[PDB]
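The numbers here are math on the coordinates, done by the rules we state, and not lab data. Cβ sites come from the backbone with ideal geometry, for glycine too, and all protein chains shown count toward neighbours.
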Amino acid sequence: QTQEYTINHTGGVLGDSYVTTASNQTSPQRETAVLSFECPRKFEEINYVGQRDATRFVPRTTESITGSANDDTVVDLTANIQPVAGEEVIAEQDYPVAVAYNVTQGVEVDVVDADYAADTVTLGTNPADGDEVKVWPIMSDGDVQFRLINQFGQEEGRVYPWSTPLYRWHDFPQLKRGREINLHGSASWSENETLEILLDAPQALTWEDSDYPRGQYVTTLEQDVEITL
Amino acid sequence: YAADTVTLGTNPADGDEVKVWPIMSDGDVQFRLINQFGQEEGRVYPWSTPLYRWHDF
Amino acid sequence: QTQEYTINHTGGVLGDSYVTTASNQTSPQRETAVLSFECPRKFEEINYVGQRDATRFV
Amino acid sequence: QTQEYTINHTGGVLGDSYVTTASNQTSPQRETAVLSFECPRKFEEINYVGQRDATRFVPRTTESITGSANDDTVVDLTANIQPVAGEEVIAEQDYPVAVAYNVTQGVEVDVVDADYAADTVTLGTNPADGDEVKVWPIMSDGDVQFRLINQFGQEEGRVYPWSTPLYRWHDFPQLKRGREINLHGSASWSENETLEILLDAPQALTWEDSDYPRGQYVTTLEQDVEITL
Amino acid sequence: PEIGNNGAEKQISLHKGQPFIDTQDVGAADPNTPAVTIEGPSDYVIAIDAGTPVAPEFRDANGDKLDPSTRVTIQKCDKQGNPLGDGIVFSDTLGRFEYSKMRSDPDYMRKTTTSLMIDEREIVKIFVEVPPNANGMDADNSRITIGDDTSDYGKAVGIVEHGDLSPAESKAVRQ
Amino acid sequence: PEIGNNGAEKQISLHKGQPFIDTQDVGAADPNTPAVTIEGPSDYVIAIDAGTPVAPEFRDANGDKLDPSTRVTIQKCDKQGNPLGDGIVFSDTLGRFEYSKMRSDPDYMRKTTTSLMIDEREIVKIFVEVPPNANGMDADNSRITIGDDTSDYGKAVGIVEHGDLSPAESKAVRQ
Amino acid sequence: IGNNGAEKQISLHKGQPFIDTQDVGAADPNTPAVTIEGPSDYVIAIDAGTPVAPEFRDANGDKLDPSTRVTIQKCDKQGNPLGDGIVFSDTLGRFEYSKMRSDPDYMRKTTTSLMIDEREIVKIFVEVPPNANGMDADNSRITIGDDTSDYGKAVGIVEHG
């Protein structure tokens, strides 16, 4: 009867219809709904348990600059920054804190290091004047949470009262049992009822850019759940 | 009162600035409680009542 | 002990501080919070009952 | 075994090492530590009792002016002012509310009177233009208190919760039994443990100036204690 | 180290620089406002005896004393800034203190009239009546003090933590 | 929808971005102040067990770690910023954490020494002792964390609403 | 507050009253680099599995010759050493000062138990080979016991009274 699956921000067991993504909002700090999963017709019910079900959620943002004659090799940012689980070094991390891509030169761009104290990052390359650039740094200073919807956009409850910060979420090394993250709360729902994963943070996150090298979908969520067939 | 229309009794002049504060419609109102933190615990009544009806009675 | 008062979008028994107003939003249809009342320091508690307490909102 | 001694802001039974003085801070109003006494090696323990042990603490401040051609004969101040236990008259006080000294003319300077309402004081002499001056008026608008330290800069408790104002401290005529001051609290400590006497007030007090006529050390503390040999 | 377990009924005094007190400036012919507001902190109980000293030392903005025909009135209140006639104490004139020796001298030391108590959430106000065509009060230089710690003369304000004693609630209801 | 009636003793953790916590910068040779202040919210009760993890991760303004001879001391206080000797926990040095793996690793995970409790209105302070001729603390980059949610290792901070349980007052008096 | 037990747990270091240090040159075994004394009416206890951690340095801010030797040693009153009761006769090398206190693996413990009556002494002798740089007390540090940690131990203290 019961199984233990993973569910992702796209498709998976659902089929890309009863998922929906969305960005947050910047100027009004508000508890937006960045993702939501609706239980399809075919399942009987879905469960969700804390301290039983593992999780992963790698968000990012997007920013841009303008090429100049001066040898920049460094860019400021609008988002608080830190390393992935802490380290000054690049390529030792579980994943890159930041990625950069040049529109003109359709190539990746490495990263040397950064201050990780102020909103700063180094670039290893020397961008030319007029060249367009994009960057997908780490995100910080946010809160994440869950809530349930009974088919109508009509809340009935909340999985767990207190929000967990995405900041801390990046801080812990993920994907290690014993050190794996496990939120609290014990939810369950049935056909056409929705779980919404909600965000409260200033910086504008992303889901799709169509010019990001390390995979198509920039960010990701991967959550464990229990299903009754 | 069928389409989004209203009459004025006066004859405004050209260039004159005007303001109007008509009735509102097509909305929902509801309640919720907050425990000092911006942190909801519950909801007074699940189903919203429409302000439309609110004006009607 | 108990009384039956009215409370308004300004001042009243509260004092214009622990009220706050706000407008809605237009382009994203969202359940905004147009008004809110915070129980002040001095009271003990507030109650609210349906089919007991009247109302007006223009 | 037990005795009843006095202890002072310098030397005394201790030996000038296990005392330490310090000034306060002005811009951040903070509970500084102006004095502290560490129980030496040789004693067994020290006690301290309220309504048993008398006390005295005469603080002051320092300010300066600039000579001018105009016949000043009066100076404003940055500190609230009142007479010593109240009186309009000078030389009747238990001690002078204020002292002044001219750098050029290395002489004392008398005082006539003052308003004692605003930050004001009169000078009896007629300072010349360009002459440098110093003044050590009374201090006001402060709080004093006690706390104990267990050899480490690590507090364990507080003698008495509520601070007493130095303002009132000046107001009462000192050194009169029945009218003598006697704080509350019953403290006791042992070898190398410290009692800190703390100050919370804006104006910058002093301990040493090297050009003050009425003694070397400007301010003073004189507290009664009980000692076990 | 050793400290004595001092009794819960601690002997204290009130002044400007505290959290549960506040003040604000006053003009002229202006009774209704508290120049100074006091409030009971949480889970504490304050007690002011009848022979408690009192000491307002108000000032003018220019640093002067005001018209001694001015009046001061301490007054207990129910919650919500709601005054009450009974329980009022210290209806005095602003003159006839001699601020120089006021607290200093037990003679000049003006005491209250009757007892008083402050339950955990209650208010005590200090209204002031200045005659017109006079100068206003300045909060920077004004001050209140009540109670006499640190002197064999005078009394002191009692305080106790409400959570310690069991009949603290009984005394609170007793008022 | 269905949600489980989770127990009142909720498992939580503390960090900078909360309402009942605060911080402020620190200079050098500067013990007396709390670099970080914590306070009990209203009608809640916090509980910190003896095997609770601890994790200060202070920084310098330029984005560096400070002199490891620096000392950190968590300390309970009575009301009014009044510290107390008993009940102190976590008198540690600022060095010897390895912030990279500190929370991450149960080895590096430095726990407290003894139990602790916070009644509804109480204070816990975090004093810091920096040697002179050193750089100061910068609140923008500093941080505290205590408790270990979200891991089979470590413990978590207990919380409970005071109004739910009847012996909540009994445990509060028990301290 | 919960009444803490008299057997309190502490850790030792330089900035304390009942400890002292003094500079050392070269080939100077008799001179104690560091001295410890029992305070009045207290009793200190150091178990056998107690961590140890010296961090001696050179005046220029460098580590010394790891062939250097360190010896903790109990002493009778009057600065008088004893053969029995000695612990931690170790070398100055083989610590990895970077990971010394943090890693329990690189953490070094003592050999046997120890006790300090109210007026007693513990010294830390150092043997440096000649033609080497001397010790500088400004930069040196000592720590024994690991308070606030799961591994290691803590130095027990109790009031005699």
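Can you tell me the convex hull volume per residue for chain C, based on C-alpha atoms, in Å³ to the nearest whole number?
Values: hull volume 7.1 nm³, N = 58.
Output value, Cα hull per residue: 123 Å³.
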- [ ] Shielding by partners for E:41-47, please: the mean number of other protein chain Cβ atoms within 10 Å of each residue's Cβ.
- [x] 2
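On alpha carbon coordinates alone, what is the Rg over Rh value for segment D:67-191, Rh being the Kirkwood radius?
Numbers: Rg = 19.5 Å, Rh = 17.5 Å.
Reported Rg/Rh (Cα atoms, Kirkwood Rh): 1.11.
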TODO: Note down the Stokes-Einstein diffusion coefficient of chain D in µm²/s, whole number, using a Kirkwood radius over alpha carbon pairs, 4 °C, and 1.567 mPa s.
DONE: 68 µm²/s
Task: D_trans [Stokes-Einstein, Kirkwood Rh over alpha-carbon pairs] for segment D:60-139, 37 °C, 0.692 mPa s, µm² s⁻¹ - done: 256 µm²/s
Task: Calculated over the protein assembly as shown: convex hull of Cα atoms, volume per residue (Å³) - done: 295 Å³
- [ ] Please report, in debye to the nearest 20, how large the charge dipole of chain A is about its Cα centre when each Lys and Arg carries +1 at its beta carbon and each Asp and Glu carries -1 there.
- [x] 740 debye
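Test of understanding: express the Cα radius of gyration of chain G as a ratio to 2.2 N^0.38 Å, with N the residue count.
On the way: Rg = 15.8 Å, N = 161, 2.2 N^0.38 = 15.2 Å.
The value comes to 1.04.
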TODO: From other protein chains only, count the Cβ atoms within 10 Å of every residue's Cβ in F:135-144, then give the mean.
DONE: 1
Task: Fraction in percent of alpha-carbon pairs per bin - 5 Å, segment E:13-81 - done: 3, 10, 23, 27, 19, 11, 6, 2, 0
- [ ] Work out the charge dipole of chain F with +1 on the Cβ of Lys and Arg and -1 on the Cβ of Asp and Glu about the Cα centre, then indicate which of F:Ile126, F:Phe20, F:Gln80 is farthest towards its positive end.
- [x] F:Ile126
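Enter the mean number of other protein chain beta carbons within 10 Å of the beta carbon of each residue in F:72-84, as an integer. If you can, show how the numbers build up before the last one.
On the way: counts 1, 4, 1, 3, 1, 2, 5, 6, 6, 2, 5, 6, 5.
Per residue, the average neighbour count from other chains is 4.
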